Structure formats: C-alpha cells, structure tokens
Amino acid sequence: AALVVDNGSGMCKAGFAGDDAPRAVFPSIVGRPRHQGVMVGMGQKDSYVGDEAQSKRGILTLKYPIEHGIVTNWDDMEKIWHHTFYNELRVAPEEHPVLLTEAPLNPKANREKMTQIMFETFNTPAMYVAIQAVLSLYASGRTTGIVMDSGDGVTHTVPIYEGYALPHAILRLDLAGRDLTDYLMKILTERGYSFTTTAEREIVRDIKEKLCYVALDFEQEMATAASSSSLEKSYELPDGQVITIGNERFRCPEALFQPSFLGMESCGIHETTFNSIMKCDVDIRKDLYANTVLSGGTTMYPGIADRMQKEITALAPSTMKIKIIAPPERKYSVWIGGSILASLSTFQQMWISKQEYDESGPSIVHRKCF
Amino acid sequence: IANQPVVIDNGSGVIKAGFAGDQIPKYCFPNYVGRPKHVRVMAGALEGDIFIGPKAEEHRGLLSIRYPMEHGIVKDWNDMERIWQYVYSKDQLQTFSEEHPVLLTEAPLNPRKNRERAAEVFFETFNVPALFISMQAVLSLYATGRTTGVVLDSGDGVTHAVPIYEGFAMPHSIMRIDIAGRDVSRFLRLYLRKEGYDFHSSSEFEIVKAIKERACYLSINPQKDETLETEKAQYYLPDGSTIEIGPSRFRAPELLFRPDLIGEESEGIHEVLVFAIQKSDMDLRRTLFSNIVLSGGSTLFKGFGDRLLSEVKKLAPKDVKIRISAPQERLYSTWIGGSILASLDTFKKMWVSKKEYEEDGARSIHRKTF
Amino acid sequence: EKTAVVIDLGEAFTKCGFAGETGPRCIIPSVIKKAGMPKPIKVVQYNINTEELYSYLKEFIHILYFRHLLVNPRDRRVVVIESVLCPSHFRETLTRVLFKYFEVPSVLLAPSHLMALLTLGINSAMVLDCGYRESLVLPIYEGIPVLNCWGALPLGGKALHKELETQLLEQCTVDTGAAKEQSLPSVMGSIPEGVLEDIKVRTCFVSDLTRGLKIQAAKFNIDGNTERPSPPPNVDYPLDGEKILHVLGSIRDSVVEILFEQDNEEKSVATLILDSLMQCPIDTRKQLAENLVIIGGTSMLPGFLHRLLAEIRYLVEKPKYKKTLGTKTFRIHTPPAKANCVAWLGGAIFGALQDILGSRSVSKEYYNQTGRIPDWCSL
Amino acid sequence: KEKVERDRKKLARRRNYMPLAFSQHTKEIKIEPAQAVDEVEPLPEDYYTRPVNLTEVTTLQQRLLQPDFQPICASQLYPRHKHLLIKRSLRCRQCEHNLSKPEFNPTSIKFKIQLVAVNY
Ligand SMILES: Nc1ncnc2c1ncn2[C@@H]1O[C@H](COP(=O)(O)OP(=O)(O)OP(=O)(O)O)[C@@H](O)[C@H]1O
Ligand SMILES: Nc1ncnc2c1ncn2[C@@H]1O[C@H](COP(=O)(O)OP(=O)(O)O)[C@@H](O)[C@H]1O
Ligand SMILES: Nc1ncnc2c1ncn2[C@@H]1O[C@H](COP(=O)(O)OP(=O)(O)O)[C@@H](O)[C@H]1O
Ligand SMILES: [Zn+2]
C-alpha cells in the first residue's frame with residue numbers, strides 16, 4: 001500500500017501504487033474569484049481547485065502554482081495536495097507513504113520545501129522524490145535508452161544506459177506546452193480571434209490538444225496552407241461561436257523544433273536530444289539512438305515521432321539506425337513508471353522515513369534523491 | 001509622386017490628419033459617425049443621415065453617436081470609409097486623395113485582416129499613389145528625438161507598452177491590454193449613476209468623456225482620499241444644469257492602475273510598463289527604465305506621472321533610476337513622429353506603390369511594414 | 001433569535017414582511033401624507049438634501065414598522081433589499097435612519113438581482129429588472145454579480161406613464177357631463193400619476209412581435225398608405241366621477257412599443273439582455289443564455305414575457321448579434337412568487353438563514369464605531 | 001456548512017498555530033433547480049377584438065392588497081382577513097419609561113400612566 005502523486009505543471013496525476021492507470025487526473029490550478037465589494041451568493045468556496053475550477057472558469061482567475069517545474073506559490077500547492085489526498089483519492093496521508101515527482105536540474109529549495117510540507121503538514125510516514133525521466137523508462141520495460149520527456153512546464157533529456165544515468169549529459173529546456181499555448185494565442189490574435197484572460201487561455205489549450213499536428217516539412221506545409229483550404233479545420237468554443245484556425249494549426253507545434261519563433265535563442269527539442277547523446281560516452285551512443293523514448297503530453301502531437309526521426313537522422317551519422325519509442329499511453333508515462341517502482345520490494349528500502357527526516361533534517365532528501 | 005505625403009493617425013477616440021510639412025496636425029476631429037437619433041421619415045429634420053467631426057459637435061444632442069473603431073480594431077468598415085472620405089473633404093485638408101501619398105498608424109499586435117482591409121480601401125476606393133502602415137509606438141520616439149526608449153502609449157481604445165533600444169524593437173516584449181480611456185469613460189458613467197446622475201444615451205456618453213477629460217485626478221494614495229471628505233466640485237453641462245461629481249472623480253481613472261476592482265482580468269498600466277522591461281534582456285533593463293516615454297491622451301490625467309513613478313518603483317528593482325519623460329504634446333505626439341518620418345527621404349523606399357500591390361499580392365503591405 | 005424583517009424601498013411600491021414566508025405581508029405605494037400637502041410626497045427621491053430625505057424615510061419606516069407590520073424595531077434584524085448602483089447618499093441615509101433613530105440590531109444591503117436568483121434555486125442566471133425608473137440587467141454567475149457587464153435604459157414605469165399621458169392629450173375625448181357628449185380635448189392640463197397607472201394596468205396590453213412590428217412602421221408612416229393592424233375596441237374610463245375619458249384602441253397597444261422600439265441607437269428592453277450577454281466572458285455565455293430571469297412589475301403587463309423572448313430571437317438573427325449569440329437557446333425561468341415580489345422573496349429566503357445573516361450583515365456596534373457602510377466602491 | 005467553515009477558520013486564526021495538523025482533517029440535501037420553459041404562454045387572442053369591462057378587471061390598489069397571487073380578474077380575487085391595529089407605548093433616550101396603555105385598550109380611554117406637556 002503506497003501512493004504515487006505526479007506534480008506536473010499542467011496536470012497532477014495521482015493514484016495508488018500497483019494500479020494500471022492513475023485514479024484521479026485533474027488540471028493543477030487554483031481558482032480565486034474576481035470578487036467586487038458586492039455580497040456573494042450561497043454555496044461559495046473561498047478558493048476552487050482542479051475539475052471544480054475547470055467547471056467555474058468564467059469568473060475565477062486561473063493561477064498555475066508550478067511555473068517551469070518550480071513551485072512559485074507553496075500555499076497554492078498545499079491546497080492542490082489537500083484536494084489530491086482527502087477529496088480526489090479519498091485516503092489519509094498519515095496511513096500511506098507518498099512518492100512525488102520533480103523535473104531534473106530544478107532549484108534545490110524546490111525538493112527541500114516539497115518534502116518539508118509532506119513530513120510536517122500532511123505527516124506522511126515516508127517520502128521519496130524521483131526524476132520524471134527515470135520513471136518514464138519503466139513504462140516501456142526498457143532499462144537502456146534516452147527519453148525526451150516534454151511536459152507542460154519543462155522538457156528534459158535524461159540518458160540512462162543499463163540502469164545507470166549520466167547526470168552531466170542531462171539538458172533542460174524551458175520551452176514547453178504552456179509556452180506553445182501562449183504562442184498559439186498570439187498567432188490566433190493575428191488571424192482575428194482574440195484570447196487574453198486566464199479562462200480564455202484554458203480554451204486555447206483545448207483547441208491546441210485537438211487540432212494542432214507536427215508537419216514533416218514546415219516550408220512545404222506553409223505552401224499547401226497558402227494555396228488550398230484543406231488544412232483549415234473548424235472548432236466550436238464553449239460559446240456557440242465557431243473559429244477556423246487555418247495554417248496556425250501546424251505553426252504552433254513548429255516552435256518545439258525551432259524556438260526562434262518563440263524567440264528564446266535556444267536549440268530545438270530535436271537538436272537538444274542529439275546534443276545530450278553527443279555529451280554521453282562514444283560507445284553507449286548506439287543504444288541511445290536505437291532507444292529514444294518520447295514521454296509527457298507534449299509528445300502526443302499527431303506525427304511528432306515522424307518529424308523527430310527525420311531531424312535526428314539528419315544530425316546523426318548515416319550508418320546509425322534511429323528508432324523513436326512512442327507508446328500509446330505517453331500522457332500517463334511518468335505515473336505508470338512510479339506505480340511499477342513503488343510496487344517493487346527493492347524500493348521498500350529506498351524510502352526516506354520520518355525518523356530519518358527528524359534527526360538529519362530536510363537536507364537528507366539531496367543525498368537520497370537519485 | 002513628389003507632392004507632400006498626408007499623415008493620418010487611426011486613433012479610436014480622435015483621428016489626427018494633416019500634411020507632413022506642418023509641425024502640428026491642422027485638422028483633428030472626433031472619430032465617430034453621427035446619425036439622427038429619431039428615425040427620420042419627415043422633411044425639416046437633419047438631412048444626409050451623416051454628421052462627422054465639427055458638424056456632429058454642433059447638433060450633438062439630436063444625433064446618435066456610433067464609434068466605428070473599438071479596441072484598435074475596425075468593426076464597421078462602411079463607417080470608417082465615410083470618416084476617411086471626410087478627411088479628404090472641403091471641411092478638412094481640401095485635396096485629392098489620388099495625388100498625395102498616405103501614412104497610417106495602426107496599434108501594435110492588431111489582426112492581419114485589419115491591416116489587409118485598411119490597405120484594400122485606401123488603394124481601391126481612394127486611388128492613393130503609395131501607402132505605409134506603421135506602429136504607433138515607433139513614431140512617438142521620432143517626435144521626442146531619441147532612438148532608445150519604452151513607449152507606454154495609452155490611447156482611447158487600447159493601451160500598449162513597446163520597448164525599443166537603439167532603433168531595435170523586441171517584438172516578444174510588446175504588451176497590449178484593452179483597458180484604455182474608453183473603458184475609464186464607461187466605468188465613470190457607472191460611478192456617476194452611483195452618485196445618482198444617469199447618462200443612458202449614446203450622445204450623453206460623449207459628455208461623460210468631457211466630464212472625465214475636465215475633472216478626474218489620480219490620487220497618490222487612493223485609500224486616504226476615500227476616508228477624507230470630498231469638496232464635491234460642480235461641473236456645468238451643455239444644457240446649463242450643474243452636477244456634483246464628488247468621490248467618483250478620483251476612483252474612476254484608478255481602474256487603469258487596478259482593473260481587478262470593477263472585475264476586468266488585466267495586468268494594469270503600471271504592470272504592463274514594468275513587465276515589458278522585465279520581459280526584455282537583463283543588460284537593457286536599466287537603460288529602458290532610464291528612458292520611458294508617455295504617449296496618447298490617457299496619460300494626461302492630473303497626477304498620472306506622479307502615481308506611475310510610485311507604482312513602478314515598488315515593482316522595479318531597488319536603487320534603479322526611473323525617468324518617465326512625458327512631452328508637452330502627448331495627445332499629438334504619435335502624429336508629429338509620422339510627420340518627421342514622412343519628411344525623410346528614407347520614407348520614399350519604405351512605402352508600397354499602387355502598381356507594387358497589384359503585382360506582388362496581399363503580403364506586400366505586411367512584409368514592408370517593418 | 002427572531003424572524004428578521006425584509007424591506008425593499010422602490011420609487012413606485014415598497015415590499016414589506018417577515019423572513020421564511022411565501023410572499024410579502026404588506027405592499028403599498030412609497031409615499032407619505034404630510035399635513036398641508038394635497039398630493040403625498042414620494043419617500044425615495046435621488047439628488048436632494050440629506051436632512052429632507054432623512055425626515056421622509058423616518059416618517060415612512062415608522063408607518064411600515066407599526067401600521068403595516070406590528071413589531072418592535074430594536075428587537076429583530078433587518079434585510080434591506082436595494083438594486084445595485086443605488087445612489088450612495090440615499091443608501092448611506094437609509095442605513096443612518098435604521099441605525100440612529102430606530103436602533104436596529106443589524107442591516108444587510110442585498111442586491112435585488114442576486115436575491116431574485118435564490119428564489120429559483122439555480123446558482124447562475126441572467127436577471128433583467130424592469131422597474132419604475134430604469135430597466136436594469138446584471139449577469140449573476142454562481143453567486144458572483146458581474147458589474148463589468150452591467151446594462152440599464154430608462155424604459156420602465158416612469159417612461160411608460162409619461163408616454164401614455166402624451167398620447168391621451170393628443171387624442172383627448174372626455175365626457176365632462178356639461179354638454180361634453182361631443183369630443184372635448186384637454187379640459188385638464190395634466191392627468192394625475194395615480195389615474196395613468198390604473199389605465200396602464202387595466203386598459204393597455206403588450207402586442208405580439210408580428211403585430212407590434214407593423215404598429216412601429218404604421219405610426220412612422222414610412223412611404224406607405226394606412227398599413228396598420230385593426231386595433232381593439234375603445235374603452236371608456238371614469239375621471240373624478242362625472243368626467244368619462246374615451247381611451248382610443250390605438251393608444252392601448254402603441255404606448256408599450258416605446259420599450260421595444262429600436263430608435264436607431266438599437267437600445268430596447270429586448271436588446272439590453274443581448275448587449276450585456278455579448279460583453280460577458282466567453283465561457284459563461286451558454287449557461288447565462290439558458291437561465292433568464294424577468295423580475296419587476298413592468299414585466300407583469302399582459303403578454304410582455306412572450307414579446308420579449310420573441311423580440312430577443314429576432315434581434316439574435318440581426319447581423320450585430322448573429323456572430324456571437326447566433327446558435328444560443330434562450331429559455332425563461334418561471335419564479336415561484338409573482339414578477340413584482342421575486343426580489344422580496346429572496347431576502348426572506350436569505351433572512352431565514354439566521355447563522356449566515358448575523359455574520360454578513362453590518363452590526364450597529366460596528367456602524368457607531370466606524371460610521372462607514374461597506375459598498376462595491378473602494379474603501 | 002459556511003458557519004462551520006467560518007468557525008473553523010476563525011478559531012485557527014485565534015489559536016495562531018499556522019494550521020498545525022494535530023489530528024486528521026475533513027447525508028446531503030440536493031434541491032433540483034427549476035426547469036426553464038422553451039416558449040412562455042402567449043397573450044390569448046381574446047384580448048384582440050373584445051370589449052374590456054373595467055368592472056370585471058381589478059384596479060392596482062385592490063390587486064396589491066392580495067399580494068401572494070394578485071389576480072387580474074375579479075372572480076379570482078378572494079376577501080383577505082381584517083388587518084390588526086397597534087397600541088403604541090413611548091420610551092425616551094435619557095429617561096426610561098414615559099407613558100403606556102392598559103391590557104384592555106379595546107373599549108377603554110384610560111392611560112396606565114398619564115403624561116403629556118399640557119398636563120404639566
Ligand atoms: N493530445 C495532446 N496533443 C497535444 N498537446 C497535448 C495533448 N495532451 C496534452 N497536451 C499538452 O501538453 C501538456 C501535457 O501535460 P501532461 O498531462 O503530460 O502533464 P505535465 O504537467 O506535463 O506532467 P509531466 O511534466 O510529469 O509530464 C498539456 O498541458 C497540454 O498543453
Ligand atoms: N486632457 C485630457 N485629460 C484626460 N484625458 C484626456 C485628455 N485628452 C484626452 N483624454 C483621453 O484620451 C483620449 C484620446 O486618446 P488619443 O491620444 O487620441 O489616442 P490615440 O493615440 O489612439 O490617437 C480621449 O478620448 C480621452 O478619453
Ligand atoms: N401587478 C402589476 N401589474 C401590472 N403592472 C404593475 C403591477 N405591479 C406594478 N406594476 C407597474 O410596474 C411598476 C413596478 O415598479 P416596482 O418594481 O414595484 O418599483 P421599483 O422598481 O422602484 O422597485 C409599477 O410602477 C407599476 O406601474
Ligand atoms: Zn427625559
């Protein structure tokens with residue numbers, strides 16, 4: 001009996017260890033109302049969380065507590081974890097030990113303060129923080145190979161060979177789902193359809209998930225988009241109003257492969273995956289090309305795998321065979337790994353206990369992280 | 001054609017026209033179409049069903065005001081064509097549009113359909129030699145005569161902050177919010193009804209804009225002025241009747257700096273300025289704080305510069321020099337910039353010829369913009 | 001605790017009674033009969049001196065708490081229903097009267113629109129309030145009034161009473177009873193508001209959209225030869241006993257049209273819902289449209305709810321509202337109490353909640369200390 | 001529920017323990033919301049081409065005296081019970097008592113404590 005709780009910037013995936021898929025999946029947001037001095041009606045919650053805030057988007061200002069895999073407002077994150085254990089999962093945190101997930105190369109204060117809350121506020125019996133990328137490999141039953149776990153908050157590239165990780169080869173890029181969502185708003189505003197508010201940004205994320213797809217040749221796709229209106233698809237908003245996004249459909253996910261569009265002055269998700277493999281030892285490169293995994297929900301874009309293969313193959317040597325690993329459950333790839341890890345009898349020892357936390361302090365986490 | 005170019009500012013509230021030779025705009029009239037309020041069947045009433053600028057101001061109470069441009073976007077194009085036709089009337093300028101070339105001043109990050117249709121009208125309806133769409137912010141710097149400078153241009157329709165350093169505008173650091181002078185006029189009408197004076201009519205909305213422009217001071221501390229008993233300064237209406245404005249005077253334009261009070265999800269005028277600087281690169285931040293320029297009519301509020309300086313200082317880093325350099329001609333700054341730009345021999349290269357638009361296509365106007 | 005009293009001070013009529021009741025106990029014209037004055041002065045009057053307003057409200061609240069209701073004012077709480085954007089000095093005076101003179105325990109200044117929503121039970125709904133002075137609309141989404149997307153036009157009782165008086169004076173046909181069997185025009189210079197109100201209620205009705213649209217173009221006479229529908233029969237109304245006013249059939253179905261007339265601006269009682277709904281947040285559109293509420297005594301007029309809902313669906317197809325509000329299903333809520341006494345019923349339902357009332361409501365001990373009533377304006 | 005939430009929140013502020021978890025934290029009544037009609041009943045075609053008798057329809061004054069279901073027709077309008085009247089007793093700000101009336105004010109003109117400016 002143990003709890004796996006993925007603390008993703010976009011969506012918080014929580015559930016019991018051993019189960020196939022996560023029990024409760026809700027958007028990680030806190031909804032505070034745009035209140036005036038006028039008195040409010042009955043059935044009023046001071047701050048709404050998750051699926052409740054997703055229902056009452058109209059009035060509530062949606063504030064994401066985790067920004068680029070860094071917890072900015074801890075009071076907000078506490079209210080999400082309270083919604084996770086007590087309401088969503090229907091379980092006491094004192095009974096079950098809780099596994100959390102942190103992105104690699106995050107600030108040290110993040111892991112420090114995270115565990116402090118779990119030990120003091122919720123009074124958990126044991127707490128282990130893990131790297132999202134390390135878990136994602138277990139999903140595919142692969143010990144060897146690199147992963148390109150692109151989330152809503154961040155995208156990170158962690159090469160692991162024969163159950164041994166290369167820490168110095170790890171590269172983090174701040175370009176992620178929320179930056180693409182923010183980019184899609186700007187180009188939709190250029191077409192005509194203006195989306196400004198926090199509630200409207202959530203509707204633009206629903207537009208992104210459904211329509212947007214990765215093009216094989218961007219320049220070739222822009223030529224077809226100009227000539228014919230075949231790529232132009234219609235989407236119905238919450239309001240009866242319908243919109244035809246056009247070429248901006250495949251223009252949004254292009255930003256992943258060339259950040260110049262967003263204006264970050266950084267390497268693309270294809271180029272960073274190559275650079276990470278080159279930073280590793282020369283011998284093991286072979287297996288990393290052969291076992292390139294794509295994880296998170298930012299790798300569920302239709303035809304990212306085809307475009308990824310093409311771009312890596314061009315950069316990589318001709319003799320090498322480049323196979324991209326795209327399992328059907330990419331969105332729940334971080335959690336399903338956690339469920340496999342927590343269930344294993346070996347992992348029982350690796351848990352950090354309250355007694356261990358009390359004596360040493362919150363600094364113990366940095367030793368027993370990975 | 002060598003004959004003098006005609007600058008025209010597309011201000012949502014007030015459109016400012018004139019020749020490039022003039023130091024100031026000779027002809028500047030309100031941007032609204034005036035039709036008779038009662039649907040005219042009979043003779044001896046207001047004939048034509050069109051009253052623009054000074055003719056409208058004379059017979060204002062009889063007519064019904066309808067603004068053609070909202071939030072820096074043209075809603076009714078038929079109305080805007082009549083307005084631009086009145087610019088080339090016997091009343092203002094008194095010239096052929098076919099002879100003189102034109103310069104438009106569209107707000108930043110507007111819809112591309114707005115720019116394309118604006119060009120189509122000025123090339124097809126009027127037989128213009130050449131047209132050039134420009135950004136309102138870039139012009140404001142030419143007027144003042146400095147290359148580096150952030151331009152907080154608070155218009156009637158839209159308030160936007162564009163950072164430009166050494167003649168280089170960062171397009172990602174641009175910030176645009178719809179809460180502008182027109183919204184302040186709308187919110188003042190609500191507070192005037194809370195004082196007990198209704199301005200229900202579209203004509204009666206114009207005198208609320210006059211009340212705002214005459215008497216509305218921005219308090220340095222809003223909470224202290226609320227507790228203090230007001231003088232209740234009397235304003236005289238067109239009919240002759242007096243109205244005591246009282247606390248509505250100062251707590252109306254406050255909604256610029258704090259738009260959450262009414263319940264509008266926006267950043268605020270102090271916030272968009274700071275955010276635009278913070279979004280730009282770290283090296284430039286100090287110079288961009290050291291060079292801020294106020295543009296448009298919604299900066300002329302009494303004690304605006306006093307409040308903004310205080311509200312920017314607390315958000316901005318400690319011990320940083322913040323100079324908010326307002327010109328004396330803030331309202332007419334955007335046009336004077338265009339008048340200088342138009343006069344230069346470089347402008348001859350920048351504009352798009354009528355034959356160029358026929359051959360090249362639609363993109364011609366967009367690609368030459370920058 | 002005792003059952004808290006509910007008062008709702010309006011320009012035409014005031015609703016009064018006790019909390020946890022099916023409807024209001026007393027509903028009476030908001031006036032007071034002062035010695036010397038032949039016509040009784042109106043108790044609520046905006047933009048006058050505070051001392052003169054204080055005396056009128058002191059006189060009125062006294063009549064409500066003794067002649068109409070029979071209960072001690074100091075003993076039990078108050079739930080003062082007043083519309084949003086009610087003038088500052090008036091609301092400040094009304095509280096100051098209750099707290100100083102009567103010495104009430106605590107007053108709760110509820111907005112009429114949010115109270116009307118409670119009566120149905122639905123958490124989110126659009127609320128139109130066609131009153132005496134102004135016909136106001138205010139979208140309420142899940143307990144939060146959206147002041148950003150407010151709407152008001154002077155197309156209520158006062159604007160309708162004035163329109164009736166004007167039309168009657170043009171086609172004036174009275175039988176005085178002094179060789180006045182023949183049509184006698186404007187024997188009386190002005191008609192008293194009490195008579196005009198009784199004519200409006202009994203004689204005048206709201207026409208169908210199809211017939212109404214013809215009536216609009218008919219009286220305009222826009223290059224057409226007698227293109228009006230057949231009016232109802234002329235009704236004879238007694239004035240001050242002997243004088244019998246013959247009301248023309250045209251006046252009955254034309255007087256109402258001033259509310260639903262476009263008048264170039266595109267500003268009717270119908271348009272005000274769609275003007276507000278278009279300005280609302282994009283997520284809230286479909287929920288508010290589906291849950292419409294029509295309160296106010298002006299909407300009691302026979303066949304108003306059918307004309308409004310029809311006029312809405314016609315103005316939807318108009319090119320301005322066709323893009324945003326094109327494919328929307330507008331459905332009206334039928335509140336439990338009558339259209340006049342929806343506002344009051346909410347305050348009573350709220351007054352029955354003793355636990356929440358005491359907390360939200362402003363106590364006298366707080367007012368005596370501070371002297372600052374909380375409002376939707378800045379503090 | 002709001003009272004318990006407000007009480008729990010207030011005693012936590014009064015305690016000033018910074019929401020210290022000593023113990024474990026955390027039947028329903030559901031009303032159905034009123035159904036919205038697609039089309040409200042139109043004005044009956046009788047109102048068009050029918051003489052209106054002012055005797056049959058009721059005036060505002062007599063309409064509003066029966067507020068619970070104020071009926072347009074006279075045949076619907078039922079007679080309401082007679083309104084009870086009040087016996088006033090005066091008490092001052094500084095002074096306590098002043099004047100009052102007996103327990104049998106019905107058919108009596110006697111004051112329990114007679115006090116008036118003309119009587120001093
Ligand atoms: N099918 C999809 N196609 C395209 N984009 C998607 C799709 N599903 C989700 N997204 C986008 O990618 C993000 C994926 O977030 P996800 O559910 O993987 O959680 P997360 O916060 O990224 O967690 P983690 O960092 O642990 O992977 C969403 O926020 C959304 O913006
Ligand atoms: N002296 C003034 N004081 C206060 N507000 C003013 C003053 N003059 C103009 N305004 C406001 O600013 C608006 C003018 O905006 P303007 O500068 O013409 O915009 P744009 O830059 O788009 O042309 C007016 O409609 C009014 O709301
Ligand atoms: N039962 C009714 N039938 C028809 N018209 C009514 C009825 N009751 C009131 N009215 C009319 O509608 C108006 C309603 O005003 P009301 O809502 O009571 O006032 P306020 O808006 O000041 O609160 C009255 O002035 C009257 O002219
Ligand atoms: Zn005394």
# chains A, B, ... in the order shown; residues from 1 in each chain; ligands from 1

$ interface_residues --of "chain D" --to "chain A" --cutoff "9 Å" --atoms "only C-alpha atoms" --output "list in words"
residues 1, 2, 19, 20, 21, 24, 25 and 26 of chain D

$ residues_around --residues "residue B:276" --least-positions-apart "5" --cutoff "8 Å" --atoms "only C-alpha atoms" --output "number ranges by chain"
B: 161-163, 173-175

$ closest_residue --among "D:82, D:103, D:96, D:110" --to "ligand 4" --atoms "only C-alpha atoms and all ligand atoms"
D:96

$ residues_near_ligand --ligand "ligand 3" --cutoff "7 Å" --atoms "only C-alpha atoms and all ligand atoms" --output "PyMOL selection string"
(chain C and resi 9-14+130-133+157+197+201+296-298+300-301+340) or (chain D and resi 60+63-64+70)

$ residues_around --residues "residue B:89" --least-positions-apart "6" --cutoff "12 Å" --atoms "only C-alpha atoms" --output "PyMOL selection string"
chain B and resi 17+27+52-53+82-83+95-97

$ interface_residues --of "chain D" --to "chain C" --cutoff "10 Å" --atoms "only C-alpha atoms" --output "number ranges by chain"
D: 1-4, 6, 31-44, 47-54, 56-61, 64-70, 72, 83-88

$ residues_near_ligand --ligand "ligand 1" --cutoff "6 Å" --atoms "only C-alpha atoms and all ligand atoms" --output "VMD selection string"
chain A and resid 6 8 to 11 151 to 153 177 to 178 205 209 296 to 298 300 to 301 331 334

$ atom_distance --atom1 "atom CA of residue B:51" --atom2 "atom CA of residue B:204"
16.6 Å

$ interface_residues --of "chain B" --to "chain C" --cutoff "7 Å" --atoms "only C-alpha atoms" --output "list in words"
residues 37, 38, 39, 41, 64, 193, 194, 195, 196, 200, 223, 226, 262, 263 and 264 of chain B

$ write_last_selection --atoms "N, CA and C atoms" --output "compact mmCIF listing (two decimals), in the first residue's frame"
# COMPACT_ATOMS: atom_id res chain seq x y z
N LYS B 37 -31.05 60.57 -34.07
CA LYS B 37 -31.48 59.62 -33.00
C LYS B 37 -32.87 59.07 -33.34
N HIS B 38 -33.84 59.95 -33.59
CA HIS B 38 -35.19 59.59 -34.09
C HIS B 38 -35.06 59.22 -35.58
N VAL B 39 -35.62 58.07 -35.99
CA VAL B 39 -35.52 57.54 -37.38
C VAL B 39 -36.32 58.48 -38.29
N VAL B 41 -38.27 60.05 -41.08
CA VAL B 41 -39.20 59.84 -42.23
C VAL B 41 -39.50 61.20 -42.88
N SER B 64 -27.21 60.49 -32.81
CA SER B 64 -26.83 59.25 -32.08
C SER B 64 -25.41 58.83 -32.48
N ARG B 193 -23.78 57.10 -12.02
CA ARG B 193 -25.11 56.52 -11.68
C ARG B 193 -25.15 56.16 -10.19
N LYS B 194 -24.00 55.79 -9.62
CA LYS B 194 -23.83 55.51 -8.16
C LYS B 194 -23.83 56.82 -7.36
N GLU B 195 -23.54 57.96 -8.00
CA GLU B 195 -23.71 59.33 -7.42
C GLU B 195 -25.15 59.82 -7.64
N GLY B 196 -25.84 59.28 -8.66
CA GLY B 196 -27.28 59.49 -8.92
C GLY B 196 -27.54 60.33 -10.16
N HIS B 200 -27.60 57.57 -19.91
CA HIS B 200 -28.08 56.38 -20.66
C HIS B 200 -27.81 56.50 -22.17
N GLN B 223 -6.68 55.19 -0.80
CA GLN B 223 -7.37 54.84 0.48
C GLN B 223 -7.52 56.09 1.36
N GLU B 226 -10.31 58.55 0.00
CA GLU B 226 -11.66 57.96 0.20
C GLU B 226 -12.17 58.31 1.60
N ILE B 262 -13.26 46.66 -10.60
CA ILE B 262 -14.55 46.51 -11.34
C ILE B 262 -14.79 45.02 -11.64
N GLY B 263 -13.73 44.28 -11.97
CA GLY B 263 -13.77 42.85 -12.34
C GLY B 263 -13.42 42.64 -13.81
N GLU B 264 -12.28 43.20 -14.24
CA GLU B 264 -11.67 43.01 -15.58
C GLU B 264 -10.30 42.37 -15.40

$ select_by_dssp --residues "stretch 90-315 of chain A" --states "alpha helix (DSSP H)" --output "number ranges by chain"
A: 108-120, 132-139, 177-191, 198-211, 218-227, 248-251, 254-257, 269-279, 285-290, 304-315
